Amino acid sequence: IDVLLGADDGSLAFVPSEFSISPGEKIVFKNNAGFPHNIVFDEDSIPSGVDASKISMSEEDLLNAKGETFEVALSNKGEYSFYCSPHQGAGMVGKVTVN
């Protein structure tokens, strides 16, 4: 699944922001508008036992040019909440369910 970082009207949103995937499916997060952006999984809001660091950018890491990507595959089933650290309070958050 492809996810835009920033909407095409400049909105600080993941597009889509809520979605479901299967195990091992890749998510390609693509810098689109309003960057810098990153993608950080919430360590307290992912499936027990998952290492947030294996699936996240650090908070200090950034994608800061248009078209740059962050790719991640998820395997463990369950709900994963994530956010863009510099834009979180603006509402740039999401949740992916692996089912």
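We number the residues from 1 along the sequence you see.
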Residue 15 - Cα temperature factor, lowest/middle/highest third of chain: lowest
Lowest, middle or highest third - CA B-factor, residue 75: highest
Third assignment of residue 21 from its chain's C-alpha B-factors: middle
Residue 50, C-alpha B-factor rank within chain (lowest, middle or highest third): middle
Residue 65, C-alpha B-factor rank within chain (lowest, middle or highest third): highest
